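Comments concern the structure below.
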Amino acid sequence: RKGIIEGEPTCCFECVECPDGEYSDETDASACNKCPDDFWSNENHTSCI
Amino acid sequence: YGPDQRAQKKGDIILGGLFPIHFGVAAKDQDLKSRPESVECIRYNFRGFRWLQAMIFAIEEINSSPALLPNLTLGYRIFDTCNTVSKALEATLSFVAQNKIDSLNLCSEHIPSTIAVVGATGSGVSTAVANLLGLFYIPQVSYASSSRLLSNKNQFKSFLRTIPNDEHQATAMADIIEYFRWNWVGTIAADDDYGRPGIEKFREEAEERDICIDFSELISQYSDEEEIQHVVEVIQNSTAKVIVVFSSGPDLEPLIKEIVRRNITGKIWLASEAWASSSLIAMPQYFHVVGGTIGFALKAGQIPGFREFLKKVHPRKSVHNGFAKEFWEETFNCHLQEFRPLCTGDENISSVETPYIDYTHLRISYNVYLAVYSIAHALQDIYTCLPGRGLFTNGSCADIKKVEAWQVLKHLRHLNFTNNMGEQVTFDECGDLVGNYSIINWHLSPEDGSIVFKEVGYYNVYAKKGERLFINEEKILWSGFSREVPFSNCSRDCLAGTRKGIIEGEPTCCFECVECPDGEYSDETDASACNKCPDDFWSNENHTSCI
Amino acid sequence: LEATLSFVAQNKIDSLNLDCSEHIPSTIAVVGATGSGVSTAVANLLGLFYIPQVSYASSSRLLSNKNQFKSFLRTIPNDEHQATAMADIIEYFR
Amino acid sequence: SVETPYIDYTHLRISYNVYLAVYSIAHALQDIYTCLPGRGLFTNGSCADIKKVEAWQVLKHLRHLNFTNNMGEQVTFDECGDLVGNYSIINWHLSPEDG
Ligand SMILES: *[C@@H]1O[C@H](CO)[C@@H](O[C@@H]2O[C@H](CO)[C@@H](O)[C@H](O)[C@H]2NC(C)=O)[C@H](O)[C@H]1NC(C)=O
Ligand SMILES: *[C@@H]1O[C@H](CO)[C@@H](O[C@@H]2O[C@H](CO)[C@@H](O)[C@H](O)[C@H]2NC(C)=O)[C@H](O)[C@H]1NC(C)=O
Ligand SMILES: *[C@@H]1O[C@H](CO)[C@@H](O[C@@H]2O[C@H](CO)[C@@H](O)[C@H](O)[C@H]2NC(C)=O)[C@H](O)[C@H]1NC(C)=O
Ligand SMILES: N[C@@H](Cc1c[nH]c2ccccc12)C(=O)O
Ligand SMILES: N[C@@H](Cc1c[nH]c2ccccc12)C(=O)O
Ligand SMILES: *[C@@H]1O[C@H](CO)[C@@H](O)[C@H](O)[C@H]1NC(C)=O
Ligand SMILES: *[C@@H]1O[C@H](CO)[C@@H](O)[C@H](O)[C@H]1NC(C)=O
Ligand SMILES: [Ca+2]
Ligand SMILES: [Ca+2]
Ligand SMILES: [Ca+2]
């Protein structure tokens, strides 16, 4: 997940790992999506199981 | 040889002048079915006629003083430019006739010569005039042109000015925006040599200061309906309340009229000194749009007996002045006999309110005054030199009887004298002066009902960076009636329990608020990331602090 | 500017009414300069006498204003397309 | 025997614009030359005299110019006095035989 660097333009950022119950399945994604009601994320938060 | 109407007097040394007695030329379309003819100037400028009288007053004051340039006489040759390049170019070609005759080797054989010219008002007109005046090394002293492109001495070899350039105004506007804690603004500039470099300088400074600019548009005096409507649509589609305008009254009036007719209110205008005191924009009918403007003003000077000289103008006594006839006719709305009524000729000029004598401070007239005295004192320095102490090859002195233009320019380059206000006047290596700035606010008069300019601070250029700006906030009305500072940020501040977010395709000034995960906390009012909790500790439910 | 002042000698003499040589050729048109800064300075003087000027290298967009430059013509495109093409090239290679 | 950019070139790009600039004026003068009465661009359809032509008449004829060059294409100026033209993209290499 993209992270803000203060005092710098938008083209320069940093990456942060998504939380335990959320996932990110793209590249250069600015947010982590939540799994559905009866789904939980796996070890790499790249998909819901 | 030259234009028809002019102000002229005879003397041993002749000075030239260019003043905008008219606001512009007729908006005619050019078709070449027949031979083109002279274009006409349309709108009268009462303020520009007062600037002309300052030069004549200064010359007559020098000619009557035995202590300055004794036994010599100063003449003048003043033309009208109508803030257009072509008229000024015709006048300049009238100025340099004698030098050009020998330059081209192409009759009269006896014509008066000009040693110096008091410059123009606009920066483009000044550039065009200087390009031709520097060919023959004729010095030119300007009183209102402040473009930073005119400081280049490789191209403008004989240009001097008695006004500071436009770097400090851009820096001061950035300082004001930083002072009032705004980070979301828009910009509008005039498409000429005055607005573009100034707005570019403002753009650079602000970026260094982490200020986001939403839109940037260019305008002109001869813009059509489509461009004006596009600019108006751009403005009202934005959520930025503060707009910085680098331009003049003639170049800004159409956009202001179009905005006024649409009733667009709630904007905060930052004004440059070109239109911060203009009477074309400071109208009572526009106060619900432009009320509460903050702008810059130059320093004021004192001329002890200027108003008495101003009040003595007459169309039948001013033989040497050719603009007084039209001044009288425009002032009293009558026709002078060689359907308006015939002018009686004994009508007081105090009855009719015009910018001619309805002023509070002398700012540009003082610049004209100083421009005349600079040339006078350079001539005096030429006159009172001794052999072996000259500035020329072997210490020689130029002859006062046979003086030449380049010698006067050389002596102007080394000028150092005191004025009637007790201060010193020297031009730097770029031919520039330094001066303070004043900050004004647009109010509404309770009794008269007109617009009143009120000073609320100043800008000090002789101080160091970061301590130049002074503002007294208790004297500011933010729209003519309000007492609270407006909000002009892109988005609200994220609270202490959240952090910042990224919006795709948008600048850094606009963000979202996202809560902190369990086991983390933040304690700032704008947090890029949610900080973790120390070992053997856990975050509170609100994630405000660890427990 | 020195070379241009000799192009408009007869017209300038007629305009100022100063009036000698009795034989001065008149220039119909001028093949413009190379740089844009020189072209503007030359056009400011030529447009006074409505003398056409055709430039071959100047490509600034400031010369497209017909309120200021009445008799200026070009055989080369201006630079707006060039700037757009540079932006397109930068976007193409990511 | 001496290598100078005078005759060391592969294409004519800017020197071709001067050629076209001269032919533009020449064709404007030619169009002045063959003006039949009643079909002029001036007042009441009158034409100008080629023996006593003036600069503003040539400017008026230049503003309404539409002719063909030696390559078969059309040449005409827009309302701003400009033209339209294709661009070419090039890359800087090194000659192995010479350097
Ligand atoms: C609008 O944005 C500006 C720019 O960040 C804010 O000003 C900053 O406020 C923080 C909070 O105390 C200060 O630490 C910074 O020093 C300020 N920056 C500057 C340049 O002054 C301002 O607080 C925001 N205002 C609102 C109402 O959100
Ligand atoms: C520009 O403005 C500053 C501030 O108003 C002037 O500095 C003041 O000068 C007066 C005159 O001696 C002093 O009484 C004040 O104490 C000064 N104030 C400060 C903050 O230093 C400065 O003189 C002005 N510059 C010019 C050229 O007039
Ligand atoms: C350099 O930056 C650009 C982003 O500006 C990256 O280009 C994007 O790549 C993704 C994945 O292939 C595409 O889905 C986007 O459409 C691209 N954006 C653009 C502008 O087309 C690019 O991958 C980066 N290059 C490297 C090697 O990191
Ligand atoms: N400084 C302006 C000229 C100017 C100053 N004050 C003005 C008042 C009215 C009109 C023009 C002006 C410029 O360089 O162009
Ligand atoms: N056309 C350029 C100048 C230019 C083009 N080709 C050149 C070759 C050499 C020197 C200058 C040039 C301009 O607008 O100013
Ligand atoms: C001008 O003269 C004054 C004293 O008359 C002096 O203080 C000042 O430094 C001089 N100016 C310069 C630039 O040296
Ligand atoms: C110019 O001439 C060509 C050929 O006669 C013609 O097709 C064209 O319409 C004319 N006008 C323009 C603007 O090309
Ligand atoms: Ca920064
Ligand atoms: Ca005297
Ligand atoms: Ca964008």
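Figures for the structure shown
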{"quantity": "Neighbour cut-off at most 10 other Cβ (10 Å), DSSP loop, chymotrypsin sites (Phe, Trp or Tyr not before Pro), the stretch B:466-499", "calculated": "B:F481, B:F487"}
{"quantity": "Three semi-axes of the equivalent ellipsoid, the protein assembly as shown, Cα gyration tensor, whole Å, largest first", "calculated": "54, 40, 27"}
{"quantity": "Semi-axis lengths, Å, the stretch B:440-513, gyration tensor of Cα atoms, sqrt of 5 times eigenvalues", "calculated": "36, 20, 11"}
{"quantity": "Sites B:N394 and B:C107 - FRET efficiency at Förster radius 35 Å, r taken between beta-carbons, to 0.05", "calculated": "0.40"}
{"quantity": "Max mean-square fluctuation residue, GNM over chain D, Cα-Cα springs under 10 Å, options D:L65, D:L83, D:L12", "calculated": "D:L12"}
{"quantity": "Selected from B:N367, B:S351, B:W328, residue furthest toward positive end of dipole (the stretch B:315-375; charges at beta carbon)", "calculated": "B:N367"}
{"quantity": "CD proxy at 222 nm, helix term only [per DSSP H run n ≥ 4: -39500 (n - 2.57); per residue of chain B; nearest 500]", "calculated": "-8500 deg cm²/dmol"}
{"quantity": "Within straight-line cross-link reach of B:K325, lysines at Cα separation under 24 Å, skipping those fewer than 8 residues along the same chain", "calculated": "B:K9, B:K10, B:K87, B:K311, B:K312, B:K317"}
{"quantity": "15 Å beta-carbon shell around D:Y16, net charge (K/R +1, D/E -1)", "calculated": "+1"}
{"quantity": "Chain C: Cα Rg divided by the 2.2 N^0.38 Å rule of thumb", "calculated": "1.43"}
{"quantity": "Relative contact order [Cα under 8 Å, 6+ residues apart], chain D, whole percent", "calculated": "16 percent"}
{"quantity": "Of B:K100/B:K410; B:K33/C:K66; B:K201/B:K475; B:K157/B:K299; C:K70/D:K60, those spanning more than 23 Å from alpha-carbon to alpha-carbon", "calculated": "B:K201/B:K475; B:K157/B:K299"}
{"quantity": "Packing-based ranking, highest mean first, of B:416-426, B:162-172 given that Cβ atoms within 10 Å are counted", "calculated": "B:162-172, B:416-426"}
{"quantity": "Neighbouring partner chain Cβ atoms per residue of D:25-36, average, 10 Å criterion", "calculated": "1"}
{"quantity": "The stretch B:120-234: equivalent-ellipsoid semi-axes (sqrt of 5 x gyration tensor eigenvalues, Cα, Å)", "calculated": "30, 19, 10"}
{"quantity": "Förster radius 51 Å - calculated FRET efficiency between D:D8 and B:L415, Cβ distance, rounded to 0.05", "calculated": "0.40"}
{"quantity": "Exercise: per-residue mean of other protein chain Cβ atoms within 10 Å, D:76-82", "calculated": "6"}
{"quantity": "The stretch B:407-503: trypsin sites (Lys or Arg not before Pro) falling in loop per DSSP and having at most 14 other Cβ within 10 Å", "calculated": "B:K464, B:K465, B:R483, B:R492"}
{"quantity": "Distance (nanometres) between label positions extended 7 Å along Cα→Cβ at B:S38 and D:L94", "calculated": "6.8 nm"}
{"quantity": "The stretch B:430-503, dipole about Cα centre (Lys/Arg Cβ +1, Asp/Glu Cβ -1), debye to the nearest 20", "calculated": "540 debye"}
{"quantity": "GluC sites (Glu not before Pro) within the stretch D:1-80, DSSP loop, no more than 10 other Cβ atoms inside 10 Å", "calculated": "D:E3, D:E73, D:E79"}
{"quantity": "Choice from D:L20, D:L59, D:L36 showing the highest fluctuation, given a GNM over chain D with Cα pairs closer than 10 Å", "calculated": "D:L36"}
{"quantity": "Point-charge dipole on Cβ atoms (K/R +1, D/E -1) for chain C, about Cα centre, debye to 20", "calculated": "200 debye"}
{"quantity": "Net charge dipole size for the stretch B:111-236 [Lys, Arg +1 and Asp, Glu -1 on Cβ; Debye, nearest 20]", "calculated": "1000 debye"}
{"quantity": "Gap separating the Cα centres of the stretch B:57-96 and the stretch B:322-392, nearest whole Å", "calculated": "11 Å"}
{"quantity": "Cross-link partners of B:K532 among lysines (Cα-Cα below 18 Å; sequence separation of 8 or more within a chain)", "calculated": "A:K2, B:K500"}
{"quantity": "Leading residue at positive end of dipole, the stretch C:38-94 (Cβ point charges), from C:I51, C:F72, C:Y92", "calculated": "C:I51"}
{"quantity": "Range of Cα positions in the stretch B:470-547 per principal axis (Å), largest first", "calculated": "57, 32, 22"}
{"quantity": "For D:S46, A:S41, C:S21, C:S55, order by how many other beta-carbon atoms lie within 10 Å, fewest first", "calculated": "C:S21, D:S46, A:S41, C:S55"}
{"quantity": "Signed unit charges on C-beta, dipole axis of chain D, positive-most listed residue D:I7, D:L65, D:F77", "calculated": "D:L65"}
{"quantity": "Per-residue mean of C-beta atoms belonging to partner chains within 10 Å, peptide C:59-67", "calculated": "3"}
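We place every Cβ from the backbone using ideal geometry, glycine too, and count neighbours over all the protein chains shown. Where a number appears in this text, it was derived from the coordinates with a stated rule and is not lab data.
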